$ cat my_file.cif   # mmCIF, C-alpha atoms
data_query
#
loop_
_atom_site.label_atom_id
_atom_site.label_comp_id
_atom_site.auth_asym_id
_atom_site.auth_seq_id
_atom_site.Cartn_x
_atom_site.Cartn_y
_atom_site.Cartn_z
CA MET A 1 -45.16 18.17 -54.17
CA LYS A 2 -45.57 20.22 -50.98
CA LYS A 3 -44.67 23.59 -49.47
CA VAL A 4 -41.05 24.74 -49.18
CA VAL A 5 -39.02 21.55 -49.73
CA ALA A 6 -35.53 23.02 -50.20
CA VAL A 7 -33.90 26.05 -48.60
CA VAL A 8 -30.44 26.96 -49.87
CA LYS A 9 -28.96 28.73 -46.82
CA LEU A 10 -25.59 30.22 -47.67
CA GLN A 11 -23.66 33.29 -48.86
CA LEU A 12 -23.69 34.45 -52.48
CA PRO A 13 -21.51 37.11 -54.28
CA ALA A 14 -23.50 39.91 -55.92
CA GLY A 15 -22.52 39.73 -59.60
CA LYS A 16 -19.34 37.65 -60.10
CA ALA A 17 -21.89 34.82 -60.38
CA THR A 18 -21.71 32.16 -63.08
CA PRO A 19 -22.91 28.65 -64.19
CA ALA A 20 -20.50 27.29 -61.56
CA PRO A 21 -22.10 27.73 -58.09
CA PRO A 22 -21.36 25.47 -55.06
CA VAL A 23 -24.84 24.02 -55.61
CA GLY A 24 -25.12 23.65 -59.41
CA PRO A 25 -26.44 20.04 -59.54
CA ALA A 26 -27.81 20.27 -55.99
CA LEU A 27 -29.93 23.01 -57.61
CA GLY A 28 -30.15 21.83 -61.21
CA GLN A 29 -31.82 18.48 -60.39
CA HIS A 30 -34.75 20.71 -59.47
CA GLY A 31 -35.37 20.72 -63.21
CA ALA A 32 -36.10 24.46 -63.15
CA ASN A 33 -33.83 26.81 -65.10
CA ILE A 34 -30.27 27.57 -63.91
CA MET A 35 -29.70 30.53 -66.25
CA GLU A 36 -33.09 31.78 -65.06
CA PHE A 37 -31.89 31.46 -61.45
CA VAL A 38 -28.68 33.33 -62.08
CA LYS A 39 -30.38 35.72 -64.48
CA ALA A 40 -32.72 37.08 -61.81
CA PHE A 41 -29.81 37.03 -59.38
CA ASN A 42 -27.11 38.54 -61.59
CA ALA A 43 -29.74 40.85 -63.05
CA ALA A 44 -30.62 42.21 -59.60
CA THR A 45 -27.13 42.08 -58.20
CA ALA A 46 -26.14 43.76 -61.45
CA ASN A 47 -28.87 46.36 -61.04
CA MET A 48 -27.28 47.00 -57.62
CA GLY A 49 -23.62 46.10 -58.39
CA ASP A 50 -21.13 43.39 -57.38
CA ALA A 51 -20.99 42.57 -53.65
CA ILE A 52 -21.83 39.88 -51.08
CA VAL A 53 -25.23 38.96 -49.68
CA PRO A 54 -26.52 36.19 -47.30
CA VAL A 55 -29.48 34.32 -48.82
CA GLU A 56 -31.76 31.37 -48.19
CA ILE A 57 -33.10 30.36 -51.59
CA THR A 58 -36.58 29.37 -50.47
CA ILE A 59 -37.49 26.72 -53.06
CA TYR A 60 -41.03 25.29 -53.16
CA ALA A 61 -41.72 21.94 -54.78
CA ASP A 62 -43.99 23.75 -57.21
CA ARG A 63 -40.56 24.59 -58.59
CA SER A 64 -40.25 28.19 -57.47
CA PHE A 65 -37.20 29.95 -55.97
CA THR A 66 -38.30 32.79 -53.70
CA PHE A 67 -35.41 35.07 -52.85
CA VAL A 68 -34.61 38.74 -53.46
CA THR A 69 -32.14 41.12 -51.78
CA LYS A 70 -31.15 44.72 -52.45
CA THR A 71 -30.93 48.17 -50.85
CA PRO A 72 -27.22 49.06 -51.32
CA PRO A 73 -25.39 51.08 -48.56
CA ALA A 74 -26.58 54.59 -49.50
CA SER A 75 -26.27 55.61 -53.18
CA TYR A 76 -29.12 53.12 -53.45
CA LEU A 77 -31.80 55.80 -53.01
CA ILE A 78 -29.42 58.56 -51.96
CA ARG A 79 -28.48 58.93 -55.62
CA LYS A 80 -31.96 60.37 -56.12
CA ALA A 81 -32.57 62.16 -52.82
CA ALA A 82 -29.08 63.57 -53.32
CA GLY A 83 -28.65 64.66 -56.97
CA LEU A 84 -25.54 62.97 -58.38
CA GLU A 85 -25.64 62.90 -62.19
CA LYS A 86 -22.24 62.22 -63.75
CA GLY A 87 -20.72 61.35 -60.36
CA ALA A 88 -17.68 62.56 -58.43
CA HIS A 89 -14.81 64.42 -60.09
CA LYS A 90 -11.81 66.66 -59.44
CA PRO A 91 -12.34 69.14 -56.54
CA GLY A 92 -14.69 72.03 -57.36
CA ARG A 93 -16.47 74.95 -55.68
CA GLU A 94 -19.84 73.84 -57.04
CA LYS A 95 -20.52 71.89 -53.83
CA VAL A 96 -23.08 69.11 -54.33
CA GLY A 97 -24.94 66.58 -52.17
CA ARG A 98 -27.88 67.94 -50.18
CA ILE A 99 -30.41 65.57 -48.59
CA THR A 100 -33.20 66.61 -46.23
CA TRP A 101 -33.65 65.28 -42.69
CA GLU A 102 -37.01 63.53 -43.19
CA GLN A 103 -35.95 62.01 -46.47
CA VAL A 104 -32.85 60.43 -44.96
CA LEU A 105 -35.05 59.20 -42.12
CA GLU A 106 -37.62 57.36 -44.23
CA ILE A 107 -34.64 56.04 -46.19
CA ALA A 108 -33.05 55.03 -42.87
CA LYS A 109 -36.34 53.55 -41.63
CA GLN A 110 -37.33 50.76 -44.03
CA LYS A 111 -33.59 50.13 -44.18
CA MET A 112 -33.97 47.65 -41.29
CA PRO A 113 -36.88 45.26 -42.09
CA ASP A 114 -35.56 42.84 -39.44
CA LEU A 115 -32.02 44.10 -38.82
CA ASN A 116 -30.71 44.65 -35.29
CA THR A 117 -31.87 48.26 -35.32
CA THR A 118 -34.92 50.31 -34.34
CA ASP A 119 -33.47 53.68 -33.28
CA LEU A 120 -34.07 56.51 -35.76
CA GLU A 121 -31.02 58.33 -34.43
CA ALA A 122 -28.86 55.31 -35.22
CA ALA A 123 -30.13 54.47 -38.72
CA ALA A 124 -30.19 58.24 -39.19
CA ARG A 125 -26.53 58.80 -38.38
CA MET A 126 -25.95 55.80 -40.64
CA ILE A 127 -27.56 57.14 -43.85
CA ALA A 128 -26.49 60.68 -42.95
CA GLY A 129 -23.13 59.94 -41.35
CA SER A 130 -22.56 57.44 -44.16
CA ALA A 131 -23.35 60.29 -46.55
CA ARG A 132 -20.63 62.26 -44.77
CA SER A 133 -18.40 59.26 -45.44
CA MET A 134 -19.25 59.29 -49.15
CA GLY A 135 -19.19 63.10 -49.39
CA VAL A 136 -22.64 64.61 -48.84
CA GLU A 137 -24.19 67.03 -46.31
CA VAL A 138 -27.60 67.04 -44.58
CA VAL A 139 -29.60 70.26 -44.61
CA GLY A 140 -30.67 69.29 -41.09
CA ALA A 141 -28.13 68.88 -38.32
CA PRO A 142 -28.05 71.62 -35.61
CA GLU A 143 -24.63 71.87 -33.94
CA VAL A 144 -23.19 75.33 -34.68
CA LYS A 145 -23.30 78.47 -32.53
CA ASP A 146 -24.79 81.55 -34.19
CA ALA A 147 -22.29 83.73 -32.33
#
$ encode --input "my_file.cif" --output "structure tokens"
Amino acid sequence: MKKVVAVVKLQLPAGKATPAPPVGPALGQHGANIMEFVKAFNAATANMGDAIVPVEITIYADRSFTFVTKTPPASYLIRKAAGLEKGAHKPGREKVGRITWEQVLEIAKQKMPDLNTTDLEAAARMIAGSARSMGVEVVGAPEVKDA
């Protein structure tokens, strides 16, 4: 028994997971608990939705699998900072989706723990611009003449 003894470096599909992974035995022999493995996975990938995520299941001989990923594209925290209850629907004049500049920033800041990004303006345009993709507006974005 020592520090990290097995690292499962590979891709994994959010949700759409099952007792039939490429590892299975290569992971089961550990003795741990498969269902537990998948549970925490599926359970988190389910809490976030089905998708694809690169992971390196850091397994320590003490029989412990360290590994957690999340932070969906936008709706992740946008859902709150925005204000989407039921969701999208037929066109309407109600107009919804208003996030503030600082809020999208902080949300666009911790968004890159070690990603190839450090420019606020980039991550900003991402969360914001992405919002534009989705269908939201930012209360902060000067670019219109007053006359």
$ closest_residue --input "my_file.cif" --among "A:38, A:23, A:52, A:59" --to "residue 2 in chain A" --atoms "all atoms listed in the file"
A:59
$ residues_around --input "my_file.cif" --residues "residue 24 in chain A" --least-positions-apart "4" --cutoff "12 Å" --atoms "all atoms listed in the file" --output "PDB file with C-alpha atoms, keeping the file's coordinate frame"
ATOM      1  CA  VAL A   8     -30.440  26.960 -49.870  1.00  0.00           C
ATOM      2  CA  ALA A  17     -21.890  34.820 -60.380  1.00  0.00           C
ATOM      3  CA  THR A  18     -21.710  32.160 -63.080  1.00  0.00           C
ATOM      4  CA  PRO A  19     -22.910  28.650 -64.190  1.00  0.00           C
ATOM      5  CA  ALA A  20     -20.500  27.290 -61.560  1.00  0.00           C
ATOM      6  CA  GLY A  28     -30.150  21.830 -61.210  1.00  0.00           C
ATOM      7  CA  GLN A  29     -31.820  18.480 -60.390  1.00  0.00           C
ATOM      8  CA  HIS A  30     -34.750  20.710 -59.470  1.00  0.00           C
ATOM      9  CA  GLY A  31     -35.370  20.720 -63.210  1.00  0.00           C
ATOM     10  CA  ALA A  32     -36.100  24.460 -63.150  1.00  0.00           C
ATOM     11  CA  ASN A  33     -33.830  26.810 -65.100  1.00  0.00           C
ATOM     12  CA  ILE A  34     -30.270  27.570 -63.910  1.00  0.00           C
ATOM     13  CA  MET A  35     -29.700  30.530 -66.250  1.00  0.00           C
ATOM     14  CA  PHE A  37     -31.890  31.460 -61.450  1.00  0.00           C
ATOM     15  CA  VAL A  38     -28.680  33.330 -62.080  1.00  0.00           C
TER      16      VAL A  38
END
$ residues_around --input "my_file.cif" --residues "residue 99 in chain A" --least-positions-apart "6" --cutoff "9 Å" --atoms "only C-alpha atoms" --output "VMD selection string"
chain A and resid 78 81 to 83 128 136 to 140
$ resolve_selection --input "my_file.cif" --expression "the PyMOL selection byres ((chain A and resi 67) around 6)" --output "ChimeraX atom specification"
/A:57,66,68
$ residues_around --input "my_file.cif" --residues "range 106-117 of chain A" --least-positions-apart "4" --cutoff "12 Å" --atoms "all atoms listed in the file" --output "count of residues only"
29
$ atom_distance --input "my_file.cif" --atom1 "CA of residue 46 in chain A" --atom2 "CA of residue 62 in chain A"
27.1 Å
$ atom_distance --input "my_file.cif" --atom1 "CA of residue 141 in chain A" --atom2 "CA of residue 88 in chain A"
23.5 Å
$ resolve_selection --input "my_file.cif" --expression "the PyMOL selection byres ((chain A and resi 16) around 9)" --output "number ranges by chain"
A: 13-15, 17-18, 42, 50-51
$ atom_distance --input "my_file.cif" --atom1 "CA of residue 87 in chain A" --atom2 "CA of residue 105 in chain A"
23.3 Å
$ closest_residue --input "my_file.cif" --among "A:36, A:56, A:119, A:146" --to "residue 7 in chain A" --atoms "all atoms listed in the file"
A:56
$ residues_near_point --input "my_file.cif" --point "(-21.2, 73.3, -53.6)" --cutoff "12 Å" --atoms "all atoms listed in the file" --output "PyMOL selection string"
chain A and resi 83+91-98+135-137
$ decode --input "my_file.cif" --residues "range 13-37 of chain A" --atoms "N, CA, C and O atoms" --output "short mmCIF file (atom, residue, chain, number, x, y, z; two decimals), in the first residue's frame"
data_model
loop_
_atom_site.label_atom_id
_atom_site.label_comp_id
_atom_site.auth_asym_id
_atom_site.auth_seq_id
_atom_site.Cartn_x
_atom_site.Cartn_y
_atom_site.Cartn_z
N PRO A 13 -17.94 9.17 -20.90
CA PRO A 13 -19.20 9.89 -21.25
C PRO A 13 -20.07 10.26 -20.05
O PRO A 13 -20.58 9.38 -19.37
N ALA A 14 -20.30 11.56 -19.85
CA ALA A 14 -21.19 11.97 -18.77
C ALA A 14 -22.48 11.17 -18.97
O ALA A 14 -22.91 10.99 -20.12
N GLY A 15 -23.05 10.66 -17.89
CA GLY A 15 -24.23 9.81 -17.97
C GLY A 15 -23.93 8.67 -18.95
O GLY A 15 -22.76 8.34 -19.14
N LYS A 16 -24.95 8.09 -19.59
CA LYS A 16 -24.68 7.02 -20.56
C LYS A 16 -23.59 6.07 -20.05
O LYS A 16 -22.96 5.36 -20.83
N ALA A 17 -23.40 6.05 -18.73
CA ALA A 17 -22.41 5.15 -18.13
C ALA A 17 -23.14 3.90 -17.66
O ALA A 17 -24.35 3.93 -17.48
N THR A 18 -22.41 2.81 -17.46
CA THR A 18 -23.07 1.58 -17.03
C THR A 18 -22.04 0.54 -16.54
O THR A 18 -20.85 0.69 -16.80
N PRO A 19 -22.49 -0.52 -15.88
CA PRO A 19 -21.57 -1.60 -15.43
C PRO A 19 -20.86 -2.30 -16.60
O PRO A 19 -20.68 -3.52 -16.58
N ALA A 20 -20.45 -1.54 -17.60
CA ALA A 20 -19.74 -2.10 -18.75
C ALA A 20 -18.70 -1.12 -19.28
O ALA A 20 -18.69 -0.82 -20.48
N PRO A 21 -17.82 -0.62 -18.43
CA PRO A 21 -16.77 0.33 -18.89
C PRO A 21 -15.59 -0.39 -19.56
O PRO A 21 -15.44 -1.60 -19.40
N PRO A 22 -14.74 0.32 -20.26
CA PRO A 22 -13.55 -0.31 -20.90
C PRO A 22 -12.63 -0.93 -19.84
O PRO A 22 -11.87 -1.85 -20.13
N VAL A 23 -12.70 -0.41 -18.62
CA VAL A 23 -11.87 -0.91 -17.53
C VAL A 23 -12.53 -2.14 -16.90
O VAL A 23 -11.97 -3.24 -16.93
N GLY A 24 -13.68 -1.91 -16.26
CA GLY A 24 -14.43 -2.96 -15.56
C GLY A 24 -13.49 -3.80 -14.70
O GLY A 24 -13.13 -3.36 -13.61
N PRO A 25 -13.04 -4.97 -15.13
CA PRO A 25 -12.08 -5.73 -14.28
C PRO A 25 -10.89 -4.85 -13.90
O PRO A 25 -10.58 -4.69 -12.72
N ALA A 26 -10.21 -4.32 -14.91
CA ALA A 26 -9.02 -3.50 -14.67
C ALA A 26 -9.27 -2.52 -13.52
O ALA A 26 -8.33 -1.97 -12.94
N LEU A 27 -10.56 -2.32 -13.18
CA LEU A 27 -10.93 -1.42 -12.08
C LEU A 27 -11.51 -2.24 -10.93
O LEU A 27 -11.29 -1.92 -9.77
N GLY A 28 -12.28 -3.26 -11.26
CA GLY A 28 -12.91 -4.08 -10.24
C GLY A 28 -11.88 -4.74 -9.33
O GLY A 28 -12.02 -4.70 -8.11
N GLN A 29 -10.86 -5.39 -9.90
CA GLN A 29 -9.86 -6.09 -9.08
C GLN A 29 -9.49 -5.26 -7.86
O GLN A 29 -9.15 -5.80 -6.81
N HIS A 30 -9.59 -3.94 -8.01
CA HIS A 30 -9.27 -3.03 -6.91
C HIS A 30 -9.91 -3.54 -5.63
O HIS A 30 -9.34 -3.46 -4.55
N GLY A 31 -11.11 -4.09 -5.79
CA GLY A 31 -11.87 -4.65 -4.67
C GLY A 31 -12.92 -3.66 -4.19
O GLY A 31 -13.89 -4.05 -3.55
N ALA A 32 -12.68 -2.39 -4.48
CA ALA A 32 -13.57 -1.29 -4.08
C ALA A 32 -15.02 -1.59 -4.38
O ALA A 32 -15.51 -2.69 -4.13
N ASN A 33 -15.74 -0.61 -4.93
CA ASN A 33 -17.15 -0.82 -5.25
C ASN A 33 -17.48 -0.22 -6.63
O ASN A 33 -17.56 1.00 -6.76
N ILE A 34 -17.68 -1.05 -7.64
CA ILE A 34 -18.00 -0.51 -8.97
C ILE A 34 -19.19 0.44 -8.84
O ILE A 34 -19.06 1.65 -9.01
N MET A 35 -20.37 -0.11 -8.57
CA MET A 35 -21.58 0.71 -8.46
C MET A 35 -21.27 2.02 -7.74
O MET A 35 -21.74 3.08 -8.16
N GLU A 36 -20.46 1.97 -6.70
CA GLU A 36 -20.09 3.20 -5.99
C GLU A 36 -19.36 4.13 -6.96
O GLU A 36 -19.68 5.31 -7.06
N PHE A 37 -18.39 3.57 -7.70
CA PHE A 37 -17.65 4.35 -8.69
C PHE A 37 -18.62 5.09 -9.59
O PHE A 37 -18.67 6.32 -9.63
#
